[PDB]
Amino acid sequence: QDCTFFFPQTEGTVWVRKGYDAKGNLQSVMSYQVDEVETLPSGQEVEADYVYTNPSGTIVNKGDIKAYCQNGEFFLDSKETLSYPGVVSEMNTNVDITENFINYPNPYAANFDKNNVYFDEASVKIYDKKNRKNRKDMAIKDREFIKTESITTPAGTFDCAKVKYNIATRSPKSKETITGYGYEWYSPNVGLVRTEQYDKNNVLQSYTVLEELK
């Protein structure tokens, strides 16, 4: 059963995504590696390790991410959507995010309809593993397909799908809900190529780019 995998699917493949602020200053380095690949009858399952370091090289977060195909549809853990300086800076290694798998539609598929495309929502919780009283709600909603375009990064040139999402961040500490939005460019057998994050006033706050892939 045909299923386009929007994530690396070769064992031992390594890649680097770097997180920058609006001015272009490096905020975070995101290093990944495909640890295990399993072909199931329903589709493929991939488990990758990640290490988020700051520009000096000190570890800010480490964990693993799962990606899979199930009966023609591709899913990825929704924490990959929060792979950006705004979230990653607010982090130490005790910081974890709740599991929520969301679909990534394939715009290259036979008779794909840009006007009728379903997107899963995400409402995760970012918290301290050692002190679960310290948490934040993050709602990724109103996901929409924009277009397909070719993107060039230091890793190469990739045919991507550009998707927009709205975000809302709640916290017991803050009185108000912080809203914004963002874009993602994802390519087959690569996953995220480029991401952009904006505030409620359409001001670019940060962005990420795929710099290496071997």
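Numbering starts at 1 and runs along the sequence shown.
Just going by the entry, 170-178 versus 22-30 on mean CA temperature factor gives the higher value to 170-178.
Look at the C-alpha B-factors of 86-94 and of 100-108. On average they run higher in 86-94. Per the PDB record, residue ranking by Cα B-factor puts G63 in the lowest third of the chain.
Per-chain ranking of the deposited C-alpha B factor places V46 in the highest third.
Placement of the Cα temperature factor of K79 within the chain: lowest third of the modelled residues, per the deposited record. Remark: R143 belongs to the lowest third of its chain, ranked by C-alpha B-factor as recorded. In this PDB entry, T152 carries a Cα temperature factor that places it within the highest third of its chain's modelled residues.
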